[PDB]
Every structure is written in structure tokens, then in C-alpha cells.
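What follows is one structure encoded as C-alpha cells, with my remarks underneath.
Every residue, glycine as well, gets a Cβ built from its backbone with ideal geometry; the counts of neighbours run over all protein chains shown. None of the figures in this text is laboratory data; all of them are computed from the coordinates on show.
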Amino acid sequence: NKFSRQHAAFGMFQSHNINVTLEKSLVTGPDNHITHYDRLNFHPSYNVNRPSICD
Amino acid sequence: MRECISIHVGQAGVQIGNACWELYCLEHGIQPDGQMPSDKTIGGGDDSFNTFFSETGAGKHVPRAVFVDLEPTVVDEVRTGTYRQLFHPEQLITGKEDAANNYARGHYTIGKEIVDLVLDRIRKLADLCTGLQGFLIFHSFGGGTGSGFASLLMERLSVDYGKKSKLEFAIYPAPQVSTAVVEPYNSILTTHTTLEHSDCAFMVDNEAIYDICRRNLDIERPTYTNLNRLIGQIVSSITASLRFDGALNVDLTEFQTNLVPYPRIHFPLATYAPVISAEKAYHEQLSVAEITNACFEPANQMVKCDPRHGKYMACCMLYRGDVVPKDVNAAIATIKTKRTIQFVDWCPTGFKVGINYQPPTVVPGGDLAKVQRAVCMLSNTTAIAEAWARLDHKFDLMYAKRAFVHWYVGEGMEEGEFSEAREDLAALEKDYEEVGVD
Amino acid sequence: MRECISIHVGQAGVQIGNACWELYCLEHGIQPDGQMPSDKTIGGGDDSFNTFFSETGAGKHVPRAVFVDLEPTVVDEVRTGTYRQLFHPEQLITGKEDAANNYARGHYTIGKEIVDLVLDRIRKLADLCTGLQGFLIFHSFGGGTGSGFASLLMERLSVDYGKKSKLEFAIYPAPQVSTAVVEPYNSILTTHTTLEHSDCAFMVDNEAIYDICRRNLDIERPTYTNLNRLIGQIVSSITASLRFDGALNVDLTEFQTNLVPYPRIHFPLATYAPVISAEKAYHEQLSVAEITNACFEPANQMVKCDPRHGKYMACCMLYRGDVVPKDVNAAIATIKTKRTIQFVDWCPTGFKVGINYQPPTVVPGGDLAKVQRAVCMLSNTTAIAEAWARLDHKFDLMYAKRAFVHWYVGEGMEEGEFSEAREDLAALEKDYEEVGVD
Amino acid sequence: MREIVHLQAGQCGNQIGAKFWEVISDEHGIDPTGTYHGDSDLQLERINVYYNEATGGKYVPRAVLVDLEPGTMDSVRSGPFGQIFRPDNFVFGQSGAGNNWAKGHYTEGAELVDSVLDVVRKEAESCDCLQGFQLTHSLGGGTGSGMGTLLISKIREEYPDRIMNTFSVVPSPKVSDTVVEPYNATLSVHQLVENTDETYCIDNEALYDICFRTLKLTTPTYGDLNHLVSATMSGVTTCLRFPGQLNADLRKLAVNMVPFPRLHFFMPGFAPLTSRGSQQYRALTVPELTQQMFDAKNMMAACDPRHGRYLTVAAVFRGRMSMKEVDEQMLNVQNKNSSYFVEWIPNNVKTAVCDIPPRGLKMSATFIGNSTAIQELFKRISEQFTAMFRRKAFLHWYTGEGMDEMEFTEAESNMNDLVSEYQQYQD
Ligand SMILES: Nc1nc2c(ncn2[C@@H]2O[C@H](COP(=O)(O)OP(=O)(O)OP(=O)(O)O)[C@@H](O)[C@H]2O)c(=O)[nH]1
Ligand SMILES: Nc1nc2c(ncn2[C@@H]2O[C@H](COP(=O)(O)OP(=O)(O)OP(=O)(O)O)[C@@H](O)[C@H]2O)c(=O)[nH]1
Ligand SMILES: Nc1nc2c(ncn2[C@@H]2O[C@H](COP(=O)(O)OP(=O)(O)OP(=O)(O)O)[C@@H](O)[C@H]2O)c(=O)[nH]1
């Protein structure tokens, strides 16, 4: 039982920690980053005739 | 000028895109790097590739296709493959979540946030090209990803770009083999959604492709590699008119005008006659006569449809290679004299001939034959209603006892759209016999 | 002749001086020693360097820049760095005490006894030069030392010399990031002091520099140098007109006249279109037309503004590299015909074109693209009032609850100057809307 | 150039400063004897902020040691680094402390303040221009409180232009050992609030909880606790000695933490603390550090600010990292808990990045806290003060030295003022 007590020593782990977290995107691309929200977050490619958000 | 854009949706419909692009670079002699030998062909991108590839001043041929996918596995392994340096990273539209064969999941949940990027891709390809005859969509009816995502994009590209053609290519569901029981669910759903927008949809079945190979190609154990090259050849033949010339040149617009009789139904069947093994071709001979008989032999079709139960409406033969009109017109005249061939009396003429002098070549390390005279037989007949007749009694049982509906309704859907498909199909068949009724 | 003097204030202003000067030395082939190889370009100091460097009879280049800061740390490490042998020891003006982010600490406490020294530098710089078009001022609005010290000197540079131009560049306060909550206080303390003297201010924001970087440069973990290389490339392009020639040669005086409409507001926005990774440009092609739209896409601006929420006033494109007016004039003809682009109807023309034949080169050990057709897009729009609107509410709260002044009134100020600047700002928005009012 | 001179006070500060300096010596590569073994040029350059040059490359510490009891100093002198200290700064008294706050503040200091004033001003003239001074001591400590309160007062008027960095340890809330410590603490903090500008609050129980939590070695030495706290004190001082794209001046920092004058109590926070096998079970990346450095369990100063909210937060990051991760981490934590900040101030985070990793690890950081968690602290001592002043226990001594209760009344009002002063701003 050497590992037990040397693990069971003191108290047992408990989360009083700050619940920090980052929501990730739905894409694996290290450049595109879109979630359930903010779906217009990606690199816009380069169109030649119609400018940005023509419609 | 004269060009088109290819679309390959679905991890099923991507390896077929892998083969055809691989096949295409061969007759052009495109090195996997993306540059020719010391022979001078580079420029602003104007040669045999200009319809297919984009070899600009950078000297690298860029295929004019977009590979959209929903699972990173297959799209990354090809991105680690042989021609990945040729391929553009974000036209290999990689995927992160799956539709789980659910058309609606692919159509609604993820499809919204990706189509804009695809819309971003398509306009960038649409803006650079000049002729832009149409689009080459590779998909599948029973698509775990092919079904839902193709439907949403074709809806979006229909509303904004409705003046160009839309060429659809999907595996027809196996009538008796079902890799998924949800497959009929979405398959009819796509048909009723695609009836009112799609321009030209061409279907095919793998079993008969497998039926052919151990009949005359004589392989009891083929592979997808064998399968995809066959269809990859098929699209190569139809695109040979686009690259090469011949006695007369024909185009998809002529195909659109001359094959589909009436609105709604635009579903012809393709065939290729000189399917044979190399050794069988070795000590035998090919000519227009027997291949004309072969292409009109019922068992040579890749779809489980027997012509004498139906009647022909549209037919087209695309002769690629060394052929003279003399034997052709006489042969097709004798075909016209044939009595078993029962065309619909509405059309006295129903054949579209395409002559190309370029002999179709073999693929290195391949299994096809060395053909001089080839033909792609895209035709249409009334013997197809049984295929949708099979699907309805398949579906009507399933819907009455509403199996698996809890999945679909669980993610936010209902029964009305499922209801609309059945009379859309019921409208589809009821049109089939009345045009069959003379 | 055609030359200028550069000023770098604050440890925020010095690394970019290092980085940019690390850039300029490359295209001229400047060795670390300062001397060329056995090839002959040395003389009285009149060649490619004569506008930037002072390569006198000693034979080695002296950049016409002065690095001023208040701490010896970052200035010594560069004094022990790579290029210290070129650089002039006491042109590297160091300081022993910091302003502690306090505008007035760098404006009253220590500035008095040290500006005279830098006054000695500038006149000994001024006497040697001949053409002395203007001054290149690099600083930061949220300057711990950049804010206060620059404000005093530009006042003294304004009063003694009011006949020549002065070019200021500062990183703008981040719209939602604040590494200091006294960065707000000094900001309009700087701007209200500078509005009545400054000629033209160009600003950038780090976040969108990053947002570009992990969008198209594909680097999720850039280095602090990459920002400096990008902005260093930015000023390199605007100085390429100075260095080389092209179809037409344009000077800062023209940019001053044709950009700013009326007094007070002199705050346009720059943008460099061909920002892409090497592997992306590897198999893609660039021309003026598509990059013209690219620099007009709002997400490519490094300032957090929606141009659709504002209206366009002026725009400047500097085509550095191989371009011809033909495709340029037709392409810009199209952008005028565009409807989403909303220029003010006061100016039928609002564009300044600059053609330079030199293709922008790649920095060794770099991350940028391989650009032969390049443009830095200087433009000013009415969508900028939100930033100051973003500001003033950040301020009206804090001044009302009256924070941190015990630091400020503790070392000797009053609240009247903080008051005057708020209607100075309030004058700006009412100015900014009324010019937007047509 | 701007330098620092240290003061070592109380019998804890003797224990603190001993560990404090040896950590610095081991960091900078000087042997215990004092002959520096040249290993890093940067620490060769910017050691002058703290040490002066002796003969033969010996780096004399500019710290002053003060006490009354030789044995503690004897232990300090006999320590592994007592040789690097001088007999010059060894100033002390001939009296047994008793650690009465009054004897050290009025009786014993009277004949000792003159000498230590003479001491500190000689090393003051030895160097050119200070940032300021820093003091290690205890608020509940007996002898250190008396000397410190006297010296901090005198150094205020004579150099009113420097840092009054005070570094005091808060005794254990559950038990003070010294029963008159609450008298000592209440006396000390009264003059601390107006005289100082910076104060770090440290408690042993939290430090004991750290051994309970991550050290996991059951029985440490108090020197081990000194090792931990010295690392925190060293970490904040790594700013000045090391180069990098960070602003190090405490003035550059203090104006950024201090909205209003009454703010002097500041709470440390430290970065990766690791157990027996998790050194090779940890994937050292910024998100885990930011998670770990912002852990209520990682906190060691007083208690959990969970009961209150966050006024100002400042953390210095040591290692080969970049501004993007801290930026994106800052957005994460800002969006994580915006409500637990105060609407009084947004963007109350001030970040610094040190590019020079420590000796033993690459990724590290130190945090300093300003929240509403000190209410529980001085509210605790309030009931202690009121109860012990209810019946004037242990007072006949303090009346003996000449101290009166009116001092206690107006002193407690000052703390009671700070109770409302904290509460009104946040609550
Ligand atoms: N087009 C094509 N179809 C194949 C291939 N191999 C098997 N199939 C058939 O095509 C169907 C694939 O459809 P789906 O499973 O919905 O494909 P998907 O929507 O892209 O997503 P997945 O479920 O991951 O495959 C299968 O049922 C097979 O019967 C192939 O190489 N190409
Ligand atoms: N323009 C510019 N800004 C930088 C650079 N490096 C960092 N910055 C940003 O600019 C800000 C610098 O402002 P200040 O802190 O007031 O700098 P300072 O006035 O020179 O004096 P210090 O406070 O001691 O640094 C930092 O907060 C950084 O976010 C740089 O190299 N150039
Ligand atoms: N050195 C040391 N001090 C400790 C320790 N634990 C608690 N302390 C307390 O830390 C306080 C600070 O030390 P000093 O200020 O020098 O104490 P002092 O003025 O000599 O007076 P007394 O507390 O009466 O002994 C002491 O009062 C101790 O009660 C420890 O482990 N080591």
C-alpha cells in the first residue's frame, strides 16, 4: 500500500479552481474559427469582380 | 472560352474525384509536381489545361474543382498523398462533424456555416473563368455527407446563378443492397428537393459495374481503383469533346436541349460499349457494328433496368477515335429498322452523335483494354419507373411504422416534409407512365 | 534633395526602428559594418542611401534617424545588438527615468532638461541635410514614454519649424484590450495637444494585425518581430516612392494635400493587400484586379471599423511593382461603379494612385509572401467616429468617478486640462457627423 | 541608474532575508564564498541594481540586518551565506526583546534608531539613485514591528520620493501563539497605512495548505516555506533585473494597481507548482499555467476572494512566451468571469512578460492581487481587539512603558475606517 497512502496522504482533489475555459471553433483550420455563434469568422478569399458583401 | 467547374461532395464522392483528376493529368502529361518537361506550354494559362487546370504564370496547373468533405480522415490522407501539392488546400474543404447519414443534419446543422466559405470558393472560381458552361457535381443519393450538403449548396447556387448548366452525377442506390436503411429516407428527400432545380442528373449502380467486370473484364476481385477508373474514363470520354475535336463538336447545352424531353424528368442512363479485357481485345477485333449491338445489349447497362419492359426516348452515342460516318449511319439505320428496340413514336429521331478522332488511351498500371473506337452511350427509357417503384414500397412500409423518426424529429424536424416527398414521388411515377402512354 | 529625418520615441518606438532599419539595409545590400564590398558606391554620400543613410567620406552609412527613450534597458541591448556599429551612439538618446505611463511626467518633469539635447541633434541633422522634406515620427498613443515626451517635442518642432511636413505613426488604443487603465487618460491628453499642430496621423491596431496573421499568414503563433516586419514593410512601401521611381512619382506633400479634407481630422487608414503565406501564393496567381478588391474588403483593415457604418472620403493606392495603367484604370473604373462602396458625393474623385516598378523583395528569415504586384492602401472614412465614441464613454465614467488623479495631481496638475480635451473630442464627433451630414 | 537597498527586520525577516538573498545568489551564479563564477552576461550586467562591487569580483549585498538577539544573527552569520554579509550592517541591541511592541517602539529603539539611521544613510550615499527600499518583517511579529514602525516613519520624511515597499507576514488566524499579537498587529497596522505605499500580506496557514496541496511532502522546514515565498518575492524583482518586452518599474506598476491612496495591501500569486510525479506528467503550455496561476487553491496570501470581487489584478510572466497567449487568455478570463470583476473598472488586468526563464524551469509567472478578501482579515482582528479591549487584558505592561488606551481607541477607528473604506468602494 505504499502508493496508496503516499497518494491518500492529506486531502483528496477537489475543484475550487477558477473555471477558466476557451470555447473552440467547429473547424480544424488554424485560420478559420467559427462556433455555434460568430459563424462569420474566417479568412475571406480574394474575389476579382464582386467586392466584399456585394449583396 | 470553354470551361467548367467540378464539385465533389461526400467522402464517397471524393476518391472518384481523386481518380478522374489523376486520369486527366495523364493524357495531358501533367507531372505530379505541376510542371511540364522542357517542352514549352506554360503561359497565362491557355492550352489543353485552360478548360481543366489553371497553369498561370506560376507554371502550376490548378484543377478547377472544390473537394468538400465532413470528415478530416480521407481529405487529409490525400492531402498527404501524391498530387496534394497540385491541390489547393482550402478547395479540399475539410470537415469536422458528420451528418450521421442524416440529410437534415447535414442540410441544417453544419451546412449553414460552411456554405458561405463554399460560396466564397465558387465565386472565386466563377470569377476567374470566362466561358463557364456549367458545373460538375459529384455526389450520391445515399450520402452520409453527400446527401444533405449537396442539396443546400445547389439550392444556394441555383438562386444566384440560374443562367448556367448544372450537371449532377450520383451513384444510384443499389435496389437490393442497402448499406444503410436511412438511405431510402434521404434518397427520396434529395429527389423531391432536386426535382425543381437540378438540370442534368446522371445515375449509376456499382453492382452492375461489378457484374460487368467478371463477365468480360474477367476480374472476380476488382477494387474501387477498378471501379473509379471506369467512371473516371466515362467522364473523360464526355469531356474529350471539350478538350479534343472531331468531325462534329457537341456540348452539354446540346445535351441539355436534346436529351431531356420535358421538365421534371432529366434522368438519362450512361453506357460504354467497348468494355473488354486486354487479352480478349488482343486476339479479337472492334468495329462500329458489334459495339453498336453491344451498347444496345440490355445486360451491358450499369442500371438494373431491362429495356423491353420500357421504351426509349433519348439516346446519344459519342464516338471517340478513328471512325468514318459511312459505317455509322448505315449501322444506326439498321438499328432503326430493329423491332425489339421500341422507341416512343413521338420522336422519329432521338439520337445525338458525337465524333472525336482522338483514340482513347490506356492508363499506366491499369486494367482496361487498348481501344481505338469507343462510345459513351447516354440514353433514356421508360423502364426506369420500377426503380422508384421499388423505393416507394420500401419507404411506405418504413413511414407507416415510423421507424427511426425519433432521431430526425429529435434534432428539430417533422413529418410534413416527409409527406411532401411521397406525392412528389407519386407525381414522379404518374408522369412516367403517361409519357409512356402514347 | 529628396531626403527626410526619422524619429523613434519610446521603447514602443525603438524596436520598430530596429526592425525597419533592419529592412532598409537589405535591399541596399548594407553590410553590418556599414561599408559595401569592393564594388564602388561610396563618395560624398550621394546614392540610393543618400535619402536614408549618410555614407560620408568615412565610407559607411549613417541612418538619418534618432532613437529617443527614457530607459537604458532596451536601448543598451540594441547598442549591444547587431547593427550598433552603424548606429550613432548619442543618436540613440537614452534616459535614466521613466514617465510611468504618465503623460505629464514625460511632458514636464524630465522632458525640459533633455529636449535641448535632442534639439542639438535635430539641428545638427538639419544643417547637414539639404532637402529635408519632413519627419518620420513613430510613437504610441498609450505611450508610457511615447505619449508625453513626443507631445512636447512636436510642439517645439512645430514652433521652430512650421514650413515642412511631419509624419506621425502610432499604434492605436486597442478597442477592447487595455494593458493599462491610465492609457485612456494620456490618450486624449496627447490628441488634444496634437490636433492643432499635427499634419497627418496614421494608426494601426495590433489585434487585427494578428487577425490577418492567423487568417491568411496561417501563423497562429507569430513573433513580435512579424508585426514589426509587416509595419516595417508598410513604411518601406510608402518610402519606395522616395527611393525608386515608377510611372509617376508622388511625394508626401501630395499625400498631405489630397487626403485630408479640412483641418483637425487628418487620420486616414493604411492597408497592404498582398498579405498571404508563401505556400498559398506558391500555387496561386496575383493581379491588380483581385488585390484591389482584397484591400477593399473590410476584414482586411487592421482597424476595428465597419466601413458600411461609415462613408468613404479619400483613398490612396501605391502600386509597387510591375503594373500597367490599362487593367488598373478599368478595375478602378469598376470600383467607382460599385454600390456597396459609399463615398461621400462631395468628392467625385477621392483616389491617389502611385505606380512604382520595383517588386517588393522578401526579408531573409521572413514569413511574408513573394510579391511583385503590391499596394499599401491609404484611405480615410467616416466610420472612425465610433472609435472615439468607443472612447468617450470609457472616459466620462472614469473622470466622473475621478480615478488615478491623485497620481496626477500628486505630481502637479489640475483637472481643467482634462476638461478642455473632452469638448475637444466632443468637437470631433460633431465635426465627424456634420461632415458625414450631406 | 536606479537601485534598491534592503532592510532585514524581525526574527522572521532574518529567516526571510536569509533565504531571500541566497536564492538570489544561487540564481546569479555566485558561490557561497562570494567569488562570482561568470556564467551569464546579463546577470553580470544588471546585478548592480542590488549589489555593489567589492574587491576581487565580490558582490556585496546592500541589505541591512537589524535585531536584538545575537543567537538568531549568530545563526544567520553561521549560515551558508553569512560570509557574503558584512559585520558592518550587523547592528543590534544589548537587550532581551520580550517582544513588547512598546519597548521596541519607544524604549529600545530610542538608542538604536540613531545608529541604524547612521547605517542606512552611509549605504544611501554609497549608491547614486534609488528606486526605493523594501522591508521584510511581520505585522504580528514582536520585535520587527517595533523597529519597522519606527524606521518607516523616519525614512518617510527624509526620502519622501521613493518606494516604501513593506513585506509583512500575517500570523495564523486560528492561533497567534503570542496572545498579545492582536495588540501588536492592531498597533502596527495603524501607522503602516499612512507611511507605506506597498504591502504584501502573507499567511502561514495558506502556505501550510500549499504543502498540503502540491508540495505533498508532509513535513517541510519553515525554510522550505521561506524558499517558496522568496521565489515569489524574487519573481516580482525579476522584472527590474532582467531585460525584455515588459515594463518593470514599480512606479510603472504601482500607479497601475493603486486607484486611491488607502490601497497598500496586496496579495501575491505564483505559477506552476508541481507534485512528486507530475513534473513529467505535465504538458507545459500557457493555458494550464493560466488555469493554474488563476486557481483559488494556488492562492497563498490570506484567503479566497470568492466571497468578494476583484479590484485590480497584475501578473508578471517569466519565460519564452509571447503576447498572443496572454492576450487570448485575458479575453478568455475576461469573458469567463466579467461579473466577478467590478463594474467600477473594466480592463483591470495589467500584464508583463519576462523573456528570461528562471533557473530550474522555463515557464513561470508571479501574480499580485488586489481584491475584497481583506475584510475577513481585519474583521477577525476587530473582534479580537474588541474582546481583549473589553476587559483590558494584559495591559498593565503597556501602561508601564507609558502607553495609554486612547492610542488604542483612535488606532482601531483607523482600522474601522478602512473597514468601511473597503466595503463602500465594492459593496
Ligand atoms: N462514391 C462512392 N461511393 C462509395 C465508395 N465506396 C462505397 N461507396 C458507397 O457509397 C456510400 C457512401 O455514402 P455515405 O456513407 O453517406 O458517405 P458520406 O455522406 O460522404 O459520409 P460517410 O458516412 O462518412 O461515408 C456507401 O453506402 C457505399 O455503399 C466510393 O469509393 N465512392
Ligand atoms: N509601436 C509599438 N508598440 C509596441 C511595441 N512593443 C509593444 N508595444 C505596445 O505599445 C505599448 C507601449 O506603450 P508604453 O508602455 O507607454 O511605452 P513607453 O511610453 O515607451 O514607456 P514604458 O511604459 O516604460 O514602456 C505596449 O503596451 C505594447 O502593447 C513596439 O515595438 N512598437
Ligand atoms: N522565524 C520564524 N518566525 C515565525 C515562525 N512561525 C511564526 N513566526 C512568527 O513570526 C514573527 C516575526 O518574527 P519577529 O518580528 O522577528 O518576532 P519578534 O519581534 O522577535 O517577537 P516575538 O514574536 O515575541 O518572538 C514572530 O513573532 C513569530 O511568532 C517560524 O517558523 N520562523
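Worth pointing out:
- The sole residue among C:81, C:45 that is more than 16 Å from ligand 1 (Cβ to nearest atom), within 14 Å of chain D (Cβ to nearest Cβ), surrounded by fewer than 22 Cβ atoms within 10 Å (Cβ to Cβ) and part of a loop (DSSP other than H, G, I, E, B) is C:81.
- From the options C:155, C:168, residue that is in contact (Cβ under 8 Å) with a residue 40 or more places away in the chain and charged (D, E, K, R): C:155
- Matching residues in segment D:276-294 - criterion: being buried (at least 18 other Cβ atoms within 10 Å of the Cβ) and at the interface with another protein chain (Cβ under 9 Å from one of its Cβ atoms): D:290, D:291, D:292, D:294
- Residue D:331 meets all of the listed conditions (1) more than 26 Å from the chain's Cα centre (by Cα); (2) in a helix (DSSP H, G or I); (3) exposed (fewer than 15 other Cβ atoms within 10 Å of the Cβ); (4) away from chain C (no Cβ under 14 Å) but one, namely (4).
- Qualifying residue in segment D:104-112 (condition: more than 16 Å from ligand 1 (Cβ to nearest atom) and in a loop (DSSP other than H, G, I, E, B)): no
- Scanning segment D:295-313 for residues that are within 10 Å of another protein chain (Cβ to nearest Cβ) and either surrounded by fewer than 21 Cβ atoms within 10 Å (Cβ to Cβ) or polar (S, T, N, Q) (or both) returns D:295, D:296, D:297, D:298, D:304, D:306, D:312.
- Residue within segment C:102-123 that is over 12 Å from residue C:70 (Cβ atoms), aromatic (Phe, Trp, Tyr) and assigned to a helix (DSSP H, G or I) present: yes
- Contact annotation: residue pairs with Cβ atoms under 8 Å, 6 or more positions apart or on different chains, pairing a residue in segment C:43-57 that is under 18 Å from residue C:244 (Cβ atoms) with a partner that is assigned to a strand (DSSP E or B), are C:52/C:63; C:53/C:63.
- A count restricted to segment D:158-184 and to residues that are in contact with a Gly (Cβ under 6 Å, 6 or more places away or on another chain) and more than 11 Å from ligand 3 (Cβ to nearest atom) stands at 2.
- Lone unmet requirement of (1) surrounded by fewer than 22 Cβ atoms within 10 Å (Cβ to Cβ); (2) touching a residue at least 12 places away in the same chain (Cβ under 8 Å); (3) under 29 Å from residue D:249 (Cβ atoms) for residue C:120: (2)
- Test: residue in segment D:51-69 that is more than 16 Å from ligand 1 (Cβ to nearest atom), within 14 Å of chain C (Cβ to nearest Cβ) and surrounded by fewer than 21 Cβ atoms within 10 Å (Cβ to Cβ): no
- Residue C:162, sole failed condition from (1) under 28 Å from residue C:407 (Cα atoms); (2) without any contact (Cβ under 8 Å) to a residue 12 or more places away in the chain: (1)
- Selection status of residue A:14, part of a loop (DSSP other than H, G, I, E, B) and more than 7 Å from every other protein chain (Cβ to nearest Cβ): yes
- Of the helices (runs of 4 or more DSSP H) lying entirely inside segment C:288-405, the ones with 1 or more residues being more than 13 Å from chain A (Cβ to nearest Cβ) are found at C:325-337, C:385-401.
- Scan of segment A:17-38 for residues that are within 14 Å of chain C (Cβ to nearest Cβ) and either assigned to a helix (DSSP H, G or I) or exposed (fewer than 15 other Cβ atoms within 10 Å of the Cβ) (or both), ordered by number: A:22, A:24, A:28, A:30, A:38
- Residue match in segment D:297-311 (condition: hydrophobic (A, V, I, L, M, F, W, C) and in contact with a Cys (Cβ under 9 Å, 6 or more places away or on another chain)): yes
- Residues in segment B:61-77 that are in contact with an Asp or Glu (Cβ under 8 Å, 6 or more places away or on another chain) and either outside any helix (DSSP H, G or I) or within 16 Å of ligand 2 (Cβ to nearest atom) (or both): B:61, B:62, B:64, B:70, B:71.
- Residues that are more than 16 Å from ligand 3 (Cβ to nearest atom), on the phi > 0 side of the Ramachandran plot and within 14 Å of chain C (Cβ to nearest Cβ) occur in segment B:56-66; there is at least one.
- Selection over segment B:179-203 of residues that are buried (at least 20 other Cβ atoms within 10 Å of the Cβ), near ligand 1 (Cβ under 10 Å from one of its atoms) and among the aliphatic types (A, V, I, L, M) gives a count of 1.
- Residues that are away from every other protein chain (no Cβ under 14 Å), touching a residue at least 24 places away in the same chain (Cβ under 8 Å) and among the β-branched types (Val, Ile, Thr) within segment D:207-236 comprise D:229, D:232, D:236, listed in sequence order.
- Within segment C:154-178, the residues that satisfy the criterion of being hydrophobic (A, V, I, L, M, F, W, C), more than 14 Å from every other protein chain (Cβ to nearest Cβ) and surrounded by fewer than 22 Cβ atoms within 10 Å (Cβ to Cβ) are C:157, C:159, C:169.
Here is a yes/no grid of residues against (1) surrounded by fewer than 19 Cβ atoms within 10 Å (Cβ to Cβ); (2) at positive phi; (3) within 16 Å of ligand 3 (Cβ to nearest atom); (4) in contact (Cβ under 8 Å) with a residue 24 or more places away in the chain:
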site	(1), (2), (3), (4)
D:9	no, no, yes, yes
D:15	no, no, yes, yes
D:18	no, no, yes, yes
D:30	no, no, no, yes
D:44	yes, no, no, no
D:49	yes, no, no, yes
